[PDB]
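Below: the structure, in structure tokens.
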Amino acid sequence: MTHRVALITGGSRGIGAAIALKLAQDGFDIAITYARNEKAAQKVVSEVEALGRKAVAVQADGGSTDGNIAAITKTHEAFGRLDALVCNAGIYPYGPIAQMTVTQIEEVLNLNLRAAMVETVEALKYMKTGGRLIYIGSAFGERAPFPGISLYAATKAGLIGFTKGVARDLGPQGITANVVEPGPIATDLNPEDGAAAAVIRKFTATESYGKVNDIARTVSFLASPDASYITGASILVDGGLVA
Amino acid sequence: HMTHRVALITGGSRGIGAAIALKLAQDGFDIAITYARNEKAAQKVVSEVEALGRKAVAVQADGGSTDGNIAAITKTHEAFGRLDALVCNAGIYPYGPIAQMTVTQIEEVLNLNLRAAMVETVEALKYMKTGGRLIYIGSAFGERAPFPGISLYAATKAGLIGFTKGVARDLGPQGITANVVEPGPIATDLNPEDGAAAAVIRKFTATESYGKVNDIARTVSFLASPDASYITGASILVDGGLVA
Amino acid sequence: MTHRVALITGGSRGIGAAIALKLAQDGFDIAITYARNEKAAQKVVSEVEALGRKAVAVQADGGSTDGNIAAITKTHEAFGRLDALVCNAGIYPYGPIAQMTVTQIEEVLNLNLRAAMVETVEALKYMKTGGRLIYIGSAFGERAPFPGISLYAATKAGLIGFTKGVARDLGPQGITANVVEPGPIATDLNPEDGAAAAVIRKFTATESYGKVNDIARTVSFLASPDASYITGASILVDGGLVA
Amino acid sequence: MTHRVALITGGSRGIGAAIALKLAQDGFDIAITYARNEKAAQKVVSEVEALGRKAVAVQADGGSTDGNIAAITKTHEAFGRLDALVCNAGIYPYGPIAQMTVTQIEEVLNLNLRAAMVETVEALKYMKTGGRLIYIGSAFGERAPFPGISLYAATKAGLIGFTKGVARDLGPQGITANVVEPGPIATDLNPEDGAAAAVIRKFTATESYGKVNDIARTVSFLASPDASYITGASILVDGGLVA
């Protein structure tokens, strides 16, 4: 228990993986959650270990409350402490509101909002003064500039409200709660080239997609002990999309 | 049959919902209201709408189940043959520090305060046409959480802001508007304006007062008007200055 | 002094004129300010008088503090009371920030923010419980979706902040302060035709410009004695532009 | 011209001074503006020089457009380049809106909003891709929780709008514009003492004043070359006041 411990949900690839590595460099031991691809998770585990930190991968369905609880539980069993929770796992449904099914609605709520709520409750059994709760929201929580993202925008705006309320509750306990709001970020699964990306890019002021490091450095900034006076905050990292 | 616009108000058997139902009826809407259990309160609202010259019906439905959300729309369309406004008013207010919340409270608030609006909206769009109105009852606490104990409620109510923005964007060219009304503390039977707890909440308002159900009903009426066609994606705080 | 009195700045044409007529129908006696164009002001005065209300036109440069003070002073001399102030006068500079001159900066601050502030202070020498302060902001105070409007967006966001602070101050005195935020509204001066308008329109969800009645109705809704619980609020009337 | 150059207005004391030292440590040569108090300014200069950087203090009235222009001009004359502008100078009027004079209104507008606008225009004559514009706003630009701060809230909300519009204009040029929003910060100029301070603390979720380093760290985070995808953003550093 000599190092701070960070749990990153969906930490096996993309933004999550980059956060895990950045926090490991900052001196956190690392737990990540993954739904299915054990090999991608073990790769992240190895890269964290190559930096001299301990890492563990926990299999968990972020869409289930049992999986939300088990992620915290297994992290605490592995390390004996919990210092930062980064709720990064999420999905992006896309389509006109009139075509959305009950299943899509339940899925996006369960993964993008309920998970964060349930994981936060469970984390607070273990977290102490100096703790950090960081939610990965979206710029689309503040602006929905094109059709097809009503469900996503709802869940991501929900995280802003949750963050404000939690920050208010935990202020005197010395735990902070903040939301990072990515714009379009290039990853394997979300490429920056092509006509669909061009449409999204046009709503950014920089006319570009960002990169995973743009988010990881902002999580690192918030997770620092020196960020003790930042709570309730939202940080847009979006190339000016919401401007 | 079908000569008047029809409004469905969820949770319309008492408090804000009931007042919205009466105000819309006076504006010329036939009324459907949902209720979970108190049939007598629902029938009282039905009678008061009828006394104003409109048709009214009360539909029993659990807003916390998706089947109830679908049925509310289905039964309203069966009774009246059209749907012109949906007012998603039903909701619950859990209270307590976040570390004391249970899984069940979390599911219940999400199910009623957010999922219901989403599923009801999808179903309403099977029937709604140009000139339609989607009006969600959010809260001032969706924008400001000035004291501890309201994390879950704030989350769901902020969620409705984001949903409203996205839906407004989707439906703009179809001539259906989507807007959110954000009440501060409103006095009702269940939420009285007197007592030490209310004195604390009241101090966060600029007017140092609770509002009344008419404050919210009027605002719904303003948004539901056909003349409100250029208002969409909007939030209207009716909160005595709480969020200032 | 039998009727409530509303002062509307810039009330001789466009949005201002439509507000003046709508409030006259609601039962307010009317004062309007005009910078130039006495004949347009006198037409508004006649239309208000045709409805049975008293009306006066006051010449005043909204960009000078002496004009800001005189507008209130002359209104109170003509009617003996003041019940609503609608700060509608303003300008819309357009262009890249690096090309803006000191003169354009001063002019927009003077007319779009300083005027509202000075007029509000003067109005509060006469206003009592039941009073109404209504500022005409802009949707661009909340979203600046294209280049060229940095100055305008600054002043119109400034009104939002002013509104919040004033609402807070005046709460216990029974005066409300609220901002109406128009999107693009078709008027004589802002036609609706042309490639520029086509670009703006595409940012709205309705893909249309609004009309003056959309704003007048909203002012009327706020100015009512039944709007006593609405204070600090912003109302977007923008066809979904800010969505 | 081997190092990046940062100009910090009001950089002789409090938040400004802390920002100047932090950016010096990040590797910026430093220009600071001061109105009066040359000895405080010369102290900051000496501390920057002790770190191995070049520093200069420029006397300038931030409330005069000539002073706004001269700050940039003298900075460019000393160093031959400009890489970051931090608009930190400002004032905090306090009192009920009805008691505010025309002189107070002009003053707050001139120092808190016009200065930033004019300095930004002049800076863009020299700044290039990789440039940083960072405005020091306030949490009170988003929330005015008590009476007496209308004017200040207006100017600070104005900066948010200005930041959004500027970010939108400069996005494709590779210059970012962002606003930091301090809550109550204990400073040499704004001590954590008295009944007014006691009232302000109670609105924060942490029930505390912050410290200058809380702001300086955040400016440093935004001024980095790795912050390129952050633009149009506001970062609350306010102990949860706006929650």
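As a convention, Cβ positions derive from the backbone with ideal geometry for all residues, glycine included, and neighbour counts pool all protein chains shown. Values quoted throughout were computed directly from the atomic coordinates according to the rules given, and no laboratory measurement underlies them.
Could you please find all residues in region D:190-202 being at negative phi and either surrounded by 23 or more Cβ atoms within 10 Å (Cβ to Cβ) or of a type outside the set (A, V, I, L, M) (or both)? Across region D:190-202, the qualifying residues are D:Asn190, D:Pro191, D:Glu192, D:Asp193, D:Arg201, D:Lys202. Could you grab me the full set of residues in region C:1-16 that are under 29 Å from C:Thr129 (Cβ atoms) and crowded, with 24+ Cβ neighbours inside 10 Å? Once the filter is applied, which keeps residues that are under 29 Å from C:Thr129 (Cβ atoms) and crowded, with 24+ Cβ neighbours inside 10 Å, region C:1-16 yields C:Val5, C:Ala6, C:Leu7, C:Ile8, C:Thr9, C:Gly10, C:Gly11, C:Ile15, C:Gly16.
Considering the conditions (1) in a helix (DSSP H, G or I); (2) over 14 Å from the mean Cα position of the chain (by Cα); (3) of a type in the set (D, E, K, R), D:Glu207 is excluded by exactly one of them, (1). A residue that is in contact (Cβ under 8 Å) with a residue 60 or more places away in the chain and under 30 Å from B:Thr207 (Cβ atoms) occurs somewhere in region D:160-176.
Just one residue in the set C:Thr155, C:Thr187 is part of a loop (DSSP other than H, G, I, E, B) and either surrounded by fewer than 21 Cβ atoms within 10 Å (Cβ to Cβ) or within 9 Å of chain D (Cβ to nearest Cβ) (or both); that residue is C:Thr187. Checking each residue in region D:202-239 for being within 11 Å of chain A (Cβ to nearest Cβ), free of Cβ contacts under 8 Å to residues at least 40 places away in the same chain and of a type outside the set (A, V, I, L, M, F, W, C) picks out D:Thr204, D:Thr206, D:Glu207, D:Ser208, D:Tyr209, D:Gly210, D:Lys211, D:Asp214, D:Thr218, D:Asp226, D:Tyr229. All conditions but one from (1) within 11 Å of chain D (Cβ to nearest Cβ); (2) touching a helix residue (DSSP H, G or I) at 6+ places or on another chain (Cβ under 8 Å); (3) of a type outside the set (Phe, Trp, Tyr); (4) in contact (Cβ under 8 Å) with a residue 12 or more places away in the chain apply to C:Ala144; the one that does not is (4). Name the residues in region A:31-81 that are surrounded by 15 or more Cβ atoms within 10 Å (Cβ to Cβ) and of a type in the set (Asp, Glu), would you? Across region A:31-81, the qualifying residues are A:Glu47, A:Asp61. Only a single criterion out of (1) in contact with a strand residue (DSSP E or B) (Cβ under 9 Å, 6 or more places away or on another chain); (2) more than 11 Å from chain B (Cβ to nearest Cβ); (3) part of a loop (DSSP other than H, G, I, E, B) is not satisfied by A:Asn178, namely (3). If you go through region D:118-144 and keep only what is among the aliphatic types (A, V, I, L, M) and either in a loop (DSSP other than H, G, I, E, B) or surrounded by fewer than 21 Cβ atoms within 10 Å (Cβ to Cβ) (or both), you end up with D:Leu124, D:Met127, D:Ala144. Looking across region A:171-183 at every residue that is out of contact with any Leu (no Cβ under 6 Å at 6 or more places or on another chain) and surrounded by 24 or more Cβ atoms within 10 Å (Cβ to Cβ), the one that is nearest to A:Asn213 (Cα to Cα) is identified as A:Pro182. Tell me which residues, restricted to region C:96-129, are more than 7 Å from chain D (Cβ to nearest Cβ), of a type in the set (A, V, I, L, M, F, W, C) and free of Cβ contacts under 8 Å to residues at least 60 places away in the same chain. Once the filter is applied, which keeps residues that are more than 7 Å from chain D (Cβ to nearest Cβ), of a type in the set (A, V, I, L, M, F, W, C) and free of Cβ contacts under 8 Å to residues at least 60 places away in the same chain, region C:96-129 yields C:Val108, C:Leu111, C:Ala116, C:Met127. Looking across region B:28-50, the residues that are farther than 16 Å from B:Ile73 by Cα and among the aliphatic types (A, V, I, L, M) come down to B:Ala41, B:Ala42, B:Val45, B:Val46, B:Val49. Note on region A:191-201: residues that are under 16 Å from D:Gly171 (Cβ atoms) and either within 8 Å of another protein chain (Cβ to nearest Cβ) or assigned to a loop (DSSP other than H, G, I, E, B) (or both) total 1.
In region B:87-117, the residue that is farthest from B:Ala178 (Cα to Cα) out of those that are among the hydrophobic types (A, V, I, L, M, F, W, C) and part of a loop (DSSP other than H, G, I, E, B) is B:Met101.
Flag set for B:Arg133, criterion: more than 7 Å from chain A (Cβ to nearest Cβ), closer than 21 Å to B:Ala19 by Cα and of a type in the set (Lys, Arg). Looking across D:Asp238, D:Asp226, one residue alone is surrounded by 24 or more Cβ atoms within 10 Å (Cβ to Cβ) and among the acidic types (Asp, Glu). It is D:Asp238. Among the conditions (1) in a loop (DSSP other than H, G, I, E, B); (2) at the interface with chain D (Cβ under 8 Å from one of its Cβ atoms); (3) farther than 24 Å from C:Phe146 by Cβ, the only one that A:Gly171 does not satisfy is (1).
Is region A:36-52 home to any residue that is over 20 Å from the mean Cα position of the chain (by Cα) and charged (D, E, K, R)? Yes, that holds for at least one residue.
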